[PDB]
Structure formats: structure tokens, C-alpha cells
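In C-alpha cells, the next block holds one chain alone, the form deposited in one PDB entry.
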């Protein structure tokens, strides 16, 4: 919805946003939103996500598709009315994104998803990219396990020439929807085939917001290597603009730079990861805050 501020209420929002990353218990926002989701009336539509066509499919709290649902309208504080209607397996009225209110007045946060190696990590979309020798897929899995902590991470596999990989975009959207409804830490391997359709353009623009609203993290690899003067800027956009956090390989083998948006209008933070390989290419992130500026951010985006 729209929100109204004065100096005092604005200062209160920024303190709340700052807390949401810096001092909240890691993973507490996710537990909170899981509570909101479980308390919705049994058959309420909770999430809509674009399929390849630009149509939207709709899910309930248990990540089952809604196929038919008769018009229902809800009135917000700002006077806005939201109306949801599903017909023949597709949204007739509504919008893409969360169909129930997960946030209230607390918007523009990067809720802390996990702490690891003495650093807090933000929920939302994490793009793992870069150029050079360091392998993206082993890193996404290392980070999934590490931010998972005591919990298992969910793996969505898409668009690679390997066994059991789904290559149909509509199944991909179904996987991702289910992952965000049911798990705090999610890995996507890979965004290669997404980076095209209206659905594909909807996902890139939606997923960070959906994830941050939930308090889950989606850790996605993206090889920028299609080296054409159109796709290569869909990649740099994706990474600059469409991500909550960026994990970029460096000059040095096994070393990665993590750049984090900590919230709306807040400082972007940075830290480095050192990594090494064990048996069967299982990567370990070694374990035992620094602000980055828009000059140094565009510098790393190179």
C-alpha cells in the first residue's frame, strides 16, 4: 500500500529497518511470516507468480495450486481494495506477489536470514556471479548449507544439461513458489535459462521482493558469459538492480566478495569469503562490518 510519513515517523521506520538486519534474531522474520501464513483461513490464496505467458498461477499456504476461487475483496488502511479471483487455474483478478500481508507498516527491510562466520546475511535474492576460475555451483551449495544452519536448504534445479534438470519455465515457477512457501534457505541452479519471456521478466523483477517479504533467502547462480550486447546487460541489471545481495568472485582463487543491501536507504556492506574444496568437490567456506560506496559498487560490477 502507500504509506505516509513525517520526520518523526520516518526516523522510526529507519530505526526499525536498521534493526531488522542488524539486531533482530537471525531467521526470526521467517518464523514470524510462517506464523502469518499458518493463521490464514484454510483456502486463502497467498502467493501469485507469473508463468511463461505472463499469466499468473496462484498458491495456498501449503503450496498447492488454487484452480478456482471466487472474487473476494479486502480493504487496507490506505483505502486500497485488493481483490483476488482464480478461474481455470489462472488469476483473473489480483496481483503478482504475496496475496496476504506479511509486512504491515514494516516495509523496505532486508530481514536477517542467518548469521555465519561472524557475519549476518540478508534475506531476499542473492546472485552469485563473476568471471574467472572460482566455481559458482559449489559456492551456492556451500552457502545454502551454511545459512541453513540447523535446517536443510531447498534446491531448485533449472536449465542445465545434466540429469534430472527441469527445463520447462512453468515447472521452475512452481518449484520456486513451493520453496519460498516452505523453506528459509533456497538455492537455484541456475538462472541461465531465465536470463526472455514475460514470465521470465516477471520472476527477475519479483523474486527478491517476495523473498525479503517472507524472510527467506534465494541464492542463485548466474554465469554472465553470454557476452552479447543485450543479454549481458540483462545480467548486469539482474545483479545491480534485482538483487538484495551480490556474491562476486575476485582476482584470487577461492575468494569471494559479498555485497549486501541492509535495507531501504541503508548502507551497503561488504565482506570477503575464503573457500576450499574437499572430496567430490564439496566446498567449505572458512569461518574463524565494512561499508561500500556506489563508486566501488560499479567498480566491482566490471
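Throughout, rigid core stands for the largest set of C-alpha atoms superposing within 1.5 Å between the two forms. Residues that one form lacks are left out of the comparison. Numbering follows the first chain given and starts at 1.
A second form of this protein, the form deposited in another entry, is not displayed here; the remarks below concern that form.
Review point. Quick one: with the rigid core lined up, which of 73, 93, 205, 226 moves its CA 2 Å or more between the shown form and the other one?
Key: The one that moves 2 Å or more is 226.
Practice item. Indicate whether residue 132 shows a C-alpha shift of 2 Å or more between the shown form and the other one, with the rigid core used for the fit. Key: It does shift by 2 Å or more.
Review point. C-alpha of residue 246: shift of 2 angstroms or more between the shown form and the other one, rigid core aligned?
Key: After core superposition, the C-alpha of residue 246 moves less than 2 Å between the shown form and the other one.
Check your understanding: residue 237: CA shift of at least 2 Å between the shown form and the other one after core fit?
Key -> It does, since the residue 237 C-alpha is displaced 2 Å or more between the shown form and the other one after the core fit.
Check your understanding: Knowing the Cα distance between residue 133 and residue 273 changes 3 Å or more in the other entry, does it shrink or grow relative to here?
Key -> Compared with this form, residue 133 and residue 273 lie farther apart in the other entry.
Exercise for review: Given a change of 3 Å or more, say if the Cα atoms of residue 236 and residue 251 sit closer or farther in the other entry than in this form.
Suggested key: Closer is correct, given that in the other entry the C-alpha spacing of residue 236 to residue 251 is reduced by at least 3 Å.
Point to revise | Mobile segments between the shown form and the other one - rigid core superposition, Cα shift of 2 Å or more, 3+ residues | key: Runs moving 2 Å or more: 132 to 134, 225 to 238.
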